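A.B. asks: chains from the complex, first installment, not repositioned:
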Amino acid sequence: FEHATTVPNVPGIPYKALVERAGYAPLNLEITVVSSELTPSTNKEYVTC
Amino acid sequence: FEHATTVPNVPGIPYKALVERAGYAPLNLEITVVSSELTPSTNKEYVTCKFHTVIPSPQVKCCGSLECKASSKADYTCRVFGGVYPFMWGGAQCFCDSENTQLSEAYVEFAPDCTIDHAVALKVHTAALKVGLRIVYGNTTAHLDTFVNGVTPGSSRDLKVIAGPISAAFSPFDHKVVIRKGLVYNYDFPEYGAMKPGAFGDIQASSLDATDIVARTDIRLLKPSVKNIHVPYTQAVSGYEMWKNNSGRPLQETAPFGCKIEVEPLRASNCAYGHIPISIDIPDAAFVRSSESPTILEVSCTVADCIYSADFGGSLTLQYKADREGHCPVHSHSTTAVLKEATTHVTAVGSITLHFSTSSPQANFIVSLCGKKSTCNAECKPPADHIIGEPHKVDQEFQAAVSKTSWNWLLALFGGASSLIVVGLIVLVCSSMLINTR
């Protein structure tokens, strides 16, 4: 199965959660972002000096 | 002792039940059906395949006449011609300038590969069912197999069993059925005697090596135009092949109720329909009595989680304070909760985790350890995986398919209306009988 969860976007601090199925024991789940890069789309025009 | 019950008829899944007597201990009884074949009583009519037109070397009679007889082989057709003058390789094969005659005969019979490629036309009726089931009583097992009419017992080592008649008696077959090469079909072939030219039922034989076969496939001869000697003829297309092109899908994958249809005894194995009643007797060697059975005290079931599905979703814990130790049967007395654990091993202050599966949106049922009952409520949730490869162990019962709240809203909503009608009626009667005496 798949378990939806909105982790907050703060690098380093984990967001704990546990999952639950019927007939099965619960299972923990730790989610943390550790590094996030933001890359744009680059168009070069010229070079001056 | 004699005990009767009505199991469902789905091959594979068990049906839990208990037995109990006066002064005796309870005993568990799960039985399940492992094979269920449905064999009808067939009656063969004829054997047909693709024909083969056999034309003999044509007779020619010089300066004379010739008239032809009647013969008994299949679709015999004769025709004479006046004024021919035939040539073979050495020309002028007749010393008679255009007064002689010839004969021209043709007939039809079986192809030499119909000993593999033949269809058999049958006629089936009164299909009677047979069950192979698995009796489990008092930690002992037995395998047996019985006919299912309500008068025929088939026993296995001091265990009699009466299978009553099935509710919805039917077969997947029609009155007429045809078979070629292990593929059953569901067709309406012609009777043995009514041949249609260019359709199925074109050659006919009681057996494929028989001598007196019957056919009607309109061999019509034509007048010989050209001077060389041969016999021109026309014929309808073979009805067996132009059936075989349009045969359709077989009944191995269009028959209802999950039936797998085999061919060599012409059975129909593992069909899933209806209910059957069963009446068995249990010998006294398994009925332990309550003078030595471990009795039970302080039972209180409670639930932890519940889904309602086909897999065992719910799981309940349980407390029990028995005075002694042994093996006590565990059962739920509902009809919408089937319980997986058949038996258990008790101790003084222990606890048991169980598994069950339901279809009701909530669970209000009672479980039973070793003789006495206990109640516990629940709240079951809908599942997420809405396609699974396993059949539902229960039914719905169509009254417990609503929860407590959905039942409670509508029942309060017209209980209030009925109660206000009742109070309006009684205040009407009270005011009327107060005033009419004045």
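C.D. replies: Done, it's in. Numbering: from 1, shown residues only, chains lettered A, B, ... in the order given.

A.B. asks: okay, which residue is most central for chain A?
C.D. replies: residue A:33 (5.0 Å; Cα atoms, centre = their mean).

A.B. asks: for the residue in chain A positioned nearest to chain B, give me its contacts.
C.D. replies: Here chain A gets closest to chain B at one residue, residue A:22, 3.7 Å apart by Cβ to the nearest Cβ. All C-beta spots, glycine's among them, are computed from the backbone N, C-alpha and C. Neighbouring residues of residue A:22 by Cβ atoms under 8 Å, 6 or more residues apart in numbering or on different chains: B:305, B:306, B:307, B:309, B:313, B:314, B:315, B:381, B:383.

A.B. asks: ok, the residue nearest to the centre of chain A touching residue A:14?
C.D. replies: No: checked against Cβ atoms under 8 Å, the pair residue A:33 and residue A:14 is beyond contact range at 9.1 Å.

A.B. asks: quick one: common contacting residues for the two?
C.D. replies: Counting by Cβ under 8 Å, 6+ apart, nothing touches both residue A:33 and residue A:14.

A.B. asks: helix, strand, or coil at residue A:11?
C.D. replies: Classification of residue A:11 by DSSP: H, G, I helix; E, B strand; the rest coil places it in coil.

A.B. asks: which non-adjacent residue is nearest it?
C.D. replies: Nearest residue to residue A:11 in three dimensions, chain neighbours excluded: residue A:33, at 5.2 Å (Cβ to Cβ, 6 or more residues apart in numbering or on different chains).

A.B. asks: does the one you found sit in a helix, a strand or a coil?
C.D. replies: Assignment for residue A:33 (three-state DSSP): coil.

A.B. asks: would you mind listing what in chain A touches chain B?
C.D. replies: A:1, A:20, A:22, A:23 (Cβ under 8 Å from any Cβ of the partner chain).

A.B. asks: okay, now the second one: neighbour count?
C.D. replies: The tally of other residues near residue A:20 (other Cβ atoms under 10 Å in any protein chain shown) stands at 10.

A.B. asks: quick check: phi and psi at the closest residue to it other than its chain neighbours.
C.D. replies: Nearest non-adjacent residue to residue A:20, counting by Cβ to Cβ, 6+ apart: residue A:26, 5.2 Å away. Here is the backbone geometry of residue A:26 (degrees, to the nearest 10): phi -70, psi 150.

A.B. asks: wait, residue A:26 touches residue A:17, no?
C.D. replies: No: counting by Cβ under 8 Å, residue A:17 is not a contact partner of residue A:26; they are 10.5 Å apart.

A.B. asks: higher neighbour count, these two?
C.D. replies: residue A:17 (13 against 10).

A.B. asks: show me what the more buried one bridges to in the sheet.
C.D. replies: Judged by DSSP bridges, the bridge partners of residue A:17 are residue A:29.

A.B. asks: that one contacts residue A:5, doesn't it?
C.D. replies: Yes: with contact defined as Cβ under 8 Å, residue A:17 reaches residue A:5; the gap is 5.5 Å.

A.B. asks: list residues touching both of those two?
C.D. replies: With Cβ under 8 Å, 6+ apart as the test, residue A:17 and residue A:5 both reach A:29, A:31.

A.B. asks: add chain C to what we have:
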Amino acid sequence: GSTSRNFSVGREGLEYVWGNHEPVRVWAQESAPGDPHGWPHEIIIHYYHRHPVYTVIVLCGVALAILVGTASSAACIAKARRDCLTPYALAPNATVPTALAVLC
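C.D. replies: Chain C goes in next, on the same frame as the chains above:
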């Protein structure tokens, strides 16, 4: 080619045989949206995806029942009210002013 093929499977089941493979049986269970224990409207957006021709007739049945109960009780007790106006014309007073405060 390469094609998607929608099918539909109820409670009783379905099998499919793709090519020379073996048959694959599939039974379908309920996952209708909503919740049969939440008190609001979501208790009957659940029982509409499961058996839609029963939920509409049971809702129309209870709505017809509450309207006919309110109308019938109101009409009958209004008739029983108007059958108790024996003191008219106000030349004597009302008998029980508490009862007239109940009624009027």
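
A.B. asks: could you re-examine the neighbour count of residue A:20 with chain C now present?
C.D. replies: Counted with other Cβ under 10 Å, residue A:20 comes out at 10.

A.B. asks: ok, it to residue A:6 distance?
C.D. replies: Distance, residue A:20 to residue A:6, by Cβ to Cβ, to the nearest Å: 18 Å.

A.B. asks: for chain A, what's the nearest residue on chain C?
C.D. replies: Residue of chain C nearest chain A, by Cβ to the nearest Cβ: residue C:31 (11.9 Å).

A.B. asks: identify the residue spatially nearest to that residue, adjacent ones excluded.
C.D. replies: Nearest residue to residue C:31, sequence neighbours excluded (Cβ to Cβ, 6+ apart): residue B:386, at 3.7 Å.

A.B. asks: give the burial count for whichever residue of chain A sits closest to chain C, as a bare number.
C.D. replies: At 11.9 Å from chain C, residue A:1 is the closest residue in chain A, using Cβ to the nearest Cβ. Using other Cβ under 10 Å, the number of residues around residue A:1 comes to 7.

A.B. asks: show me what residue C:14 is bridged to.
C.D. replies: Going by DSSP bridges, residue C:14 forms beta bridges with residue C:26.

A.B. asks: so it versus residue B:387, what's the distance?
C.D. replies: From residue C:14 across to residue B:387, the span is 9 Å (Cβ to Cβ).

A.B. asks: shared neighbours of those two, anything?
C.D. replies: In contact with both residue C:14 and residue B:387: C:26, C:27, C:28, using Cβ under 8 Å, 6+ apart.

A.B. asks: from those, which single one is nearest residue C:82?
C.D. replies: residue C:28 (60.2 Å; Cβ to Cβ).

A.B. asks: backbone torsions only: list them for the closest one.
C.D. replies: On the backbone of residue C:28 - angles per degrees, to the nearest 10 - the values are phi -120, psi 130.

A.B. asks: show me what contacts it?
C.D. replies: B:386, B:387, C:9, C:10, C:11, C:13, C:14.

A.B. asks: hey, where'd the helices end up in chain C?
C.D. replies: C:52-82, C:97-103 (DSSP state H).

A.B. asks: out of those, indicate the one that is most buried.
C.D. replies: helix C:52-82 (a mean of 13; mean count of other Cβ atoms under 10 Å in any protein chain shown).

A.B. asks: okay, angle between that helix and helix B:404-436 too, please.
C.D. replies: 20 degrees (axes from the mean of the first three to the mean of the last three Cα atoms, to 10 degrees).

A.B. asks: what is helix C:52-82 packed up against?
C.D. replies: helix B:404-436 (3 or more Cβ pairs under 8 Å, 6 or more residues apart in numbering or on different chains; DSSP states H and E).

A.B. asks: how far is the helix it packs on from where the chain is centred?
C.D. replies: 53 Å (Cα atoms, centre = their mean, to the nearest Å).

A.B. asks: next, the angle from that helix to strand B:372-377.
C.D. replies: Going by the same axes, to 10 degrees, helix B:404-436 makes 90 degrees with strand B:372-377.

A.B. asks: right, and residue A:1 touches residue A:24 too?
C.D. replies: No: under the criterion of Cβ under 8 Å, residue A:1 makes no contact with residue A:24, lying 10.4 Å away.
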